[PDB]
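Colleague: One structure coming up, written as structure tokens, with questions to follow.
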Amino acid sequence: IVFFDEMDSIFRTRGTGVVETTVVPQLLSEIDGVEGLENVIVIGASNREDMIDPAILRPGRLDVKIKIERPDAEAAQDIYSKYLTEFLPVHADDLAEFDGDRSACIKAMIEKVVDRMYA
Amino acid sequence: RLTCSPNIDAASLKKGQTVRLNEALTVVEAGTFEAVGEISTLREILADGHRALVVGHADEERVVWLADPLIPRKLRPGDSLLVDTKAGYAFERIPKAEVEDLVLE
């Protein structure tokens, strides 16, 4: 798996320059040549998809596009749970309200902060 | 400016053909054409039909006479030719495959 990060730096486009202009041709040729191999996979990430020229994004080479949307309330709760782990120390005042039930206290706190943020 | 030995035929010699010398500086034999050296991209063929303008590896352009085998098939701009800058001769054409035509169509 080859990971091309920040595809805005290179492979963006050749028309707007205001050799870097000779990067995408041979890369497209090499990708077309390696397409026949079954196990070779190319992965790319970019913040700005508009700067990338559609020639590399035509059906064929870059046939799959995946959009990562901004999190919503449920996604925010899941992300908070991914970090607010039970291993972090919890003050006795909040913990006593749940009779030592760490998981219940943590999940209630996660729901409360998610509701506070999206209000 | 060397003199030709009576053994060899002066008219039989071809332009750009490598020749053999000796301690008396007399050409007694003529060999084949050189097969190793710099490769230059052809830019254009001059009006005289005997000299061509090519570009070197370092973007340095030169005017060099063409060898006898180069004087169907027609030479075209973009072809790669074996050259000798010191002697100012192009001896052979090195075939190259272009992928641009395949990509475009």
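Each chain in the structure tokens gets a letter, A, B, ..., in the order shown, and its residues are numbered from 1; ligands are numbered from 1 in order too.
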Please return, as an NGL selection string, all residues of chain A lying within 12 Å of chain B when only C-alpha atoms are considered.
Modeller: :A and (25-26 or 28-30 or 32-33 or 55)
Colleague: As a ChimeraX atom specification, please: every residue in chain B that DSSP puts in strand (DSSP E or B).
Modeller: /B:3-4,19-20,26-27,29-30,38-45,51-55,61-66,80-84,89-94
Colleague: At a cut-off of 9 Å, using only C-alpha atoms, what residues contact residue 54 of chain A? Leave out same-chain residues fewer than 4 positions from it and give the result as a count of residues only.
Modeller: 4
Colleague: Step one, run DSSP on the backbone; step two, keep only residues of chain A assigned to alpha helix (DSSP H); then write them as an MDAnalysis selection string.
Modeller: chainID A and resid 24:34 73:83 92:96 102:118
Colleague: Just want the 6 Å neighbourhood of segment 56-69 of chain B, counted on only C-alpha atoms, with same-chain residues fewer than 5 positions away dropped. Output as a ChimeraX atom specification.
Modeller: /B:15-16,40,50-51,88-91
Colleague: Grab the residues selected above and save them as a short mmCIF file (atom, residue, chain, number, x, y, z; two decimals), in the first residue's frame with C-alpha atoms.
Modeller:
data_model
loop_
_atom_site.label_atom_id
_atom_site.label_comp_id
_atom_site.auth_asym_id
_atom_site.auth_seq_id
_atom_site.Cartn_x
_atom_site.Cartn_y
_atom_site.Cartn_z
CA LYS B 15 31.63 9.61 -44.00
CA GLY B 16 31.94 9.04 -40.26
CA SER B 40 21.68 13.69 -28.09
CA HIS B 50 24.28 16.99 -44.40
CA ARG B 51 24.25 18.69 -40.97
CA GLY B 88 31.19 16.53 -34.34
CA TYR B 89 29.54 13.45 -35.85
CA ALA B 90 26.32 11.50 -35.33
CA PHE B 91 26.72 7.82 -36.16
#
Colleague: Using only C-alpha atoms, pick whichever of A:81, A:22, A:103, A:46 has the shortest atom-to-atom distance to residue 5 of chain A.
Modeller: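 Residue with the minimum atom-to-atom distance to residue 5 of chain A: A:46.
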Colleague: Using only C-alpha atoms, find the one residue out of A:90, A:82, A:76, A:99 that sits nearest to residue 114 of chain A.
Modeller: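 Checking each of A:90, A:82, A:76, A:99 against residue 114 of chain A, counting only C-alpha atoms, the winner is A:76.
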Colleague: Pick out the closest residue to residue 42 of chain B from this set: B:86, B:79, B:98, B:92. Count only C-alpha atoms.
Modeller: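 Closest to residue 42 of chain B of all the choices is B:79.
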Colleague: As a list in words, please: the residues near residue 77 of chain A (cut-off 7 Å, only C-alpha atoms, same-chain neighbours under 3 positions excluded).
Modeller: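 Close residues of residue 77 of chain A: residues 73, 74, 80, 81, 110, 111 and 114 of chain A.
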Colleague: Which residue, B:71, B:83, B:97, B:27, has the smallest gap to residue 7 of chain B when you use only C-alpha atoms?
Modeller: B:27
Colleague: Looking at A:41, A:62, A:106, A:4, which one is nearest to residue 89 of chain A, with distances taken over only C-alpha atoms?
Modeller: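 Closest residue, counting only C-alpha atoms: A:106.
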Colleague: Quick one: distance from atom CA of residue 44 of chain A to atom CA of residue 71 of chain A in Å, one decimal?
Modeller: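 Taking atom CA of residue 44 of chain A and atom CA of residue 71 of chain A, their separation equals 21.3 Å.
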Colleague: Kindly give the distance, in Å, that separates atom CA of residue 79 of chain A and atom CA of residue 94 of chain A, rounded to a single decimal.
Modeller: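 So the two atoms, atom CA of residue 79 of chain A and atom CA of residue 94 of chain A, lie 21.4 Å apart.
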Colleague: Compare A:16, A:85, A:47, A:21 by their minimum atom-to-atom distance to residue 68 of chain A, counting only C-alpha atoms, and give me the closest one.
Modeller: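 Residue with the minimum atom-to-atom distance to residue 68 of chain A: A:47.
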